[PDB]
Amino acid sequence: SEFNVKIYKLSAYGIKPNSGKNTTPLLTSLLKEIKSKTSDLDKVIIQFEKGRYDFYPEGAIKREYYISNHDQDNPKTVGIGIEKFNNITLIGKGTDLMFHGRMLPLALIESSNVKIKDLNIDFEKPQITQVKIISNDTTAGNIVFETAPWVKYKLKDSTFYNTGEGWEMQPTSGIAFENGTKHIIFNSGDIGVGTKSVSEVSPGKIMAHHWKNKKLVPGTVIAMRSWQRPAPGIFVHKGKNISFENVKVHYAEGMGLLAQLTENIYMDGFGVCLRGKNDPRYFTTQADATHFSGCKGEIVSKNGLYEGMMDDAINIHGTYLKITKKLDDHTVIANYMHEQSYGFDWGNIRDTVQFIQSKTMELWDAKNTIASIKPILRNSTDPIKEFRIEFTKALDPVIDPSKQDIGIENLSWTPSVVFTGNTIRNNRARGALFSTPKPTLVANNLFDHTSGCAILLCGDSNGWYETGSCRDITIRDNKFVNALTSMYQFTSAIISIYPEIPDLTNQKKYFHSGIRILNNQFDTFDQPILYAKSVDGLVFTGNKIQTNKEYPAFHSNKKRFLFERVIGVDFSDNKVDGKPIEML
């Protein structure tokens with residue numbers, strides 16, 4: 001008021017570091033009061049000190065949230081709820097926010113001009129279980145594994161459970177890592193784990209009686225997990241002008257940062273990573289580091305570190321609805337198709353939409369405009385699965401769900417992207433997924449031993465229902481070091497342009513266009529550099545390919561360049577081991 005900013009040092013308001021008390025009910029009561037006073041014009045700062053603050057489920061808010069690309073288990077146990085609260089900055093000074101149990105650490109809901117700064121999010125007991133191979137008898141298939149120090153397990157009926165505060169989970173798969181390098185072991189990917197038929201040798205030494213894998217040599221560290229992903233580390237819904245400066249998420253039961261329906265996002269020094277060379281842990285998030293579902297405006301993600309995640313560093317995409325019924329020339333019923341992306345809005349009046357022929361992944365050039373959109377809900381308390389959309393223009397009768405499978409992309413909720421000077425390494429699946437028609441720069445990044453392919457441009461309106469016909473994308477001045485040591489969906493080359501197209505031989509229209517790959521360095525042991533399916537306009541120029549033998553060549557695709565349904569190729573000034581490689 002008489003202050004430009006009101007700054008609350010948290011310690012002046014009964015919230016101290018290293019107290020080991022439950023900070024949840026306190027920060028919750030305090031933010032509720034600061035909000036009930038501060039006007040929308042009013043600028044607020046919440047300030048944490050050097051040290052550790054522990055949050056537990058007790059006294060947390062219970063919100064029903066629908067979160068793109070996550071399990072829809074409700075309610076969510078929310079540690080810090082920033083809801084309908086503007087011009088607010090949470091800052092720390094090497095601050096460690098430590099969570100317990102199954103929680104959503106930080107939720108930013110329907111808030112504008114929120115900045116989060118110099119703060120670190122972690123759980124004490126990750127649902128991921130770290131173990132070390134002690135002995136592997138390849139003949140008998142007996143493996144003895146050592147639980148890491150922080151791990152509290154429980155055997156019942158010869159079954160290995162990992163535990164924390166109010167939770168107990170049996171791991172079903174894992175990722176294996178090289179000792180030391182923390183790389184993912186060559187040709188491993190997702191592997192089965194011996195959590196069935198087990199018995200305790202000695203405390204934290206577990207004998208797996210039926211586990212056969214010649215690759216899990218003594219010393220191998222294994223991140224045992226399930227497929228569960230009920231809550232991200234930071235969830236952002238319907239934000240405008242959101243900032244993250246020097247914020248690290250070290251683990252969460254879900255994605256590091258999941259932002260949806262949010263209009264501008266600025267990230268300098270974001271990390272989903274380990275605490276350095278001394279971190280005993282090999283693993284970070286249970287899913288994607290950073291994920292942006294149906295965002296718009298400008299996304300800047302720069303100078304970040306992403307390591308050891310159970311998925312990609314960044315995935316930027318929309319959701320295709322599937323048309324289930326045409327009511328008239330102007331009105332359709334359209335549906336959310338996937339179990340992990342439903343329950344949140346899809347569009348607003350005046351949004352630009354285009355339609356897609358799901359089976360051949362072909363766009364109709366005829367765009368439209370949403371005139372009306374209302375979710376269809378049989379009971380008050382039902383999640384959004386189904387909309388009734390009205391368009392301003394009338395639909396060509398070729399757009400009838402009873403003739404073929406038809407999808408809708410919202411071209412209005414598409415962000416532009418700057419993804420520069422980041423480091424991605426030692427992570428499961430791909431490095432980076434980009435699915436946006438809007439201009440996209442991917443520059444001066446380091447892809448250091450990603451398990452799968454460095455970059456994936458992929459759309460699909462049949463299985464995952466994730467939009468992404470790309471139209472404008474420069475991948476320049478990057479460094480790709482020994483990518484693709486392991487196979488995962490779509491991992492055909494270091495850079496894979498792989499849309500999911502059920503019927504490619506009958507496709508007439510190219511799905512992706514305007515892709516530029518210039519002045520990159522590829523350090524590789526294998527052959528595949530670029531795979532490209534359904535592209536019109538593909539520039540590959542001034543790139544440098546440097547061979548090494550750090551691992552054996554193995555990929556089924558033995559071609560540096562593999563094109564399927566690709567026109568518009570421009571290919572000059574490229575080299576392999578300093579020798580020119582020309583098309584002509």
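What counts and how
Residues numbered from 1 in each chain as written, not as in the entry; some residues may be left out. Heavy atoms only, no water. Helix = DSSP H or I, 4+ residues; strand = E, 2+ residues; numbered from the N terminus. Buried < 20%, exposed > 50% of the residue type's maximum accessible area, 1.4 Å probe, protein only. Contact = heavy atoms within 4.5 Å. Areas by Shrake-Rupley, 256 points an atom, 1.4 Å probe, with all protein chains shown as cover. Salt bridge = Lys/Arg side-chain N within 4 Å of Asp/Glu carboxyl O. Pairing = 2+ DSSP bridges. Domains from an automatic or database assignment. Buried area = accessible area lost by both parts, 1.4 Å probe. Nonpolar A, V, L, I, M, F, W, Y, C, P; charged D, E, K, R; others polar. Core = buried A, V, L, I, M, F, W, Y, C linked by side-chain atoms within 4.5 Å. Expected span 1.5 Å × (residues − 1). Arc of directions from axis to C-beta. Polar contact = N/O pair within 3.5 Å; in protein donor to acceptor, adjacent residues only side chain to side chain. 1 Å grid on protein atoms, 1.4 Å probe; cavity = no way out; pocket = protein on both sides within 12 Å on 5 of 7 lines; lining within 4 Å. Points joined across faces, edges and corners; volume = space filled by probe spheres on them.

S.K.: Just checking my understanding: could you explain the overall build of the chain for this structure?
M.R.: A tally of helices and strands in the chain yields 1 helix and 50 strands. Taking all 584 residues of the chain together, the buried fraction comes to 60%. Across the chain, every contact between residues at least 6 apart in sequence was considered, and the portion connecting residues at least 24 apart equals 73%. Put simply, the chain shows about 22700 Å² of open surface, and 49% of that area lies on carbon and sulfur atoms.

S.K.: Can you help me understand the pattern of salt bridges in this one?
M.R.: Proximity of charged atoms lets side chains of opposite charge pair with each other. Applying the stated criterion to the full structure yields 25 salt bridges. Linking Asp311 and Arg428 is a salt bridge whose minimum nitrogen-to-oxygen distance equals 3.4 Å. Taken together, the residues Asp311 in the loop between β26 (305–307) and β27 (314–319) and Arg428 in the loop between β35 (423–425) and β36 (432–434) connect sequence positions 117 residues apart. The pair formed by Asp311 and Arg428 is uniform in burial state, with each residue classed as buried.

S.K.: Hey, could you run me through the sheet that holds strand β15 (residues 191–192) in this one?
M.R.: The strands making up a sheet associate through backbone hydrogen bonding, with each pair oriented either parallel or antiparallel. Across the sheet, 7 strands lie side by side as β15-β14-β18-β9-β10-β17-β16; this open sheet has antiparallel pairing. Where the open sheet ends on each side, the last strands, each with one partner, are β15 and β16 (198–202). The pairing of strand β9 (residues 129–137) with strand β10 (residues 142–147) spans 6 bridges and is antiparallel. Opposite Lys132, over in β10, you have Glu146 as the bridge partner.

S.K.: Sorry, what's going on with the domain arrangement of the chain here?
M.R.: Many descriptions give the size of an interface as the accessible area lost when the pieces come together. Segmentation of the chain into domains returns domain 1 (6–122 + 232–265), domain 2 (129–225) and domain 3 (319–410). When each unit is reduced to the centre of its C-alpha atoms, the spacing between domain 1 and domain 3 is 34 Å. The partner domain 3 presents 8 residues to the 10 residues of domain 1 that form the contact. Of the roughly 740 Å² buried at the junction of domain 1 and domain 3 (both faces included), carbon and sulfur atoms supply 53%. Summed over the three residues of domain 1 that lose the most area to domain 3, namely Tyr66, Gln72 and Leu261, the buried surface amounts to 53% of that side. At the boundary of domain 1 and domain 3, one finds 1 salt bridge. In this structure, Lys238 engages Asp345 in a salt bridge whose closest nitrogen and oxygen atoms are separated by 3.2 Å. When the residues that make up the side of domain 1 that touches domain 3 are grouped by side-chain class, the tally is 3 nonpolar, 5 polar and 2 charged.

S.K.: I tried to follow the nonpolar core on my own but got confused; where do I start?
M.R.: Note on soluble globular proteins: their nonpolar side chains tend to be buried together. One finds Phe244 and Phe434 to be the most contacted residues of the largest nonpolar core, which totals 96 residues. Once residues within four sequence positions are removed from consideration, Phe434 is found in contact with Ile314, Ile316, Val417, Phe419, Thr440, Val442, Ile455, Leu456, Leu457, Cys458, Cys470 and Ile473. Within the second largest apolar cluster, 22 residues are counted, among which are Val353, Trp364, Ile384 and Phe387.

S.K.: When you look at the pairing of strand β32 (residues 386–391) in this model, what are you seeing that I'm missing?
M.R.: Successive side chains on a regular strand alternate, one facing one side of the sheet and the next facing the other. Because side chains alternate across β32, one face comprises the buried residues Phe387, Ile389 and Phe391, and the other comprises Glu386, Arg388 and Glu390, none of which is buried. Alignment of strand β29 (residues 331–335) against β32, held across 5 bridges, turns out to be antiparallel. Pairing of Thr331 across the sheet is with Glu390, part of β32.

S.K.: What am I meant to see in helix α1 (residues 24–37) here?
M.R.: An α-helix turns once every 3.6 residues. As a result, residues three or four positions apart point the same way. Between its first and last C-alpha atoms α1 spans 21 Å; for 14 residues at 1.5 Å apiece the expected length is 20 Å, and the two agree. Turning to α1, its buried residues number three or more, namely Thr24, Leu27, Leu30, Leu31 and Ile34. The buried residues of α1 occupy an angular sector of 140° when the element is viewed end-on, so they sit on one face. Within α1, the exposed residues directed more than 90 degrees away from the buried face are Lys32, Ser36 and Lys37.

S.K.: I'm lost on the pairing of strand β46 (residues 530–541) in this one. Help?
M.R.: Extensive coverage of β46 is indicated by the burial of 10 of its 12 residues. Bridge count between strand β43 (residues 495–497) and β46: 3 bridges; the pairing is parallel. When the sheet's bridge partners are listed, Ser496 is paired in β46 with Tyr531. Here strand β44 (residues 512–518) pairs with β46 via 6 bridges, running parallel. Looking at β46, one finds that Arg516 is bridged to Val539. As judged from the 10 bridges shared by β46 and strand β48 (residues 561–572), these two strands associate in the parallel manner. What sits directly across from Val535, in β48, is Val566.

S.K.: Where do I start with the side chain of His512 in this structure?
M.R.: Inspection of the secondary structure assignment puts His512 in strand β44. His512 sits in the buried class, given a relative accessible area of 0%. From its side chain, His512 meets the backbone nitrogen of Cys470 in a polar contact 3.2 Å long.

S.K.: How should the layout of surface pockets be read in this particular structure?
M.R.: To find the voids left in a structure, one rolls a probe of water-molecule size over its atoms. Estimated volume of the largest pocket: approximately 640 Å³. Contributing to the lining of the largest pocket are 34 residues, with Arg229, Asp311, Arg430, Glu466 and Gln489 lying nearest its centre. The greatest single-element share of the lining of the largest pocket, amounting to 3 residues, is contributed by β27. For the lining of the largest pocket, the residue count by class is 13 nonpolar, 13 polar and 8 charged.

S.K.: For this particular structure, what's the right way to read the environment of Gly276?
M.R.: Inspection of the secondary structure puts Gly276 in the loop between β23 (271–272) and β24 (290–293). Judged by relative accessible area, which is 35%, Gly276 ranks as partly exposed. For the pair formed by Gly276 and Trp227, sequence separation is 49 residues and the distance between their alpha carbons is 27 Å.

S.K.: Which parts of the structure should I look at to understand empty space enclosed by the protein?
M.R.: A full pass over the atoms with the stated rule returns 4 cavities of 30 Å³ or more. Computed from the structure, the largest cavity encloses a volume of approximately 110 Å³. What lines the largest cavity is a set of 14 residues, and nearest its centre among them are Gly294, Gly318, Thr319, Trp346 and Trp413. Those elements giving two or more residues to the lining of the largest cavity turn out to be β27 and β33 (406–410). Along the lines of polarity and charge, the residues of the lining of the largest cavity split into 5 nonpolar, 7 polar and 2 charged.

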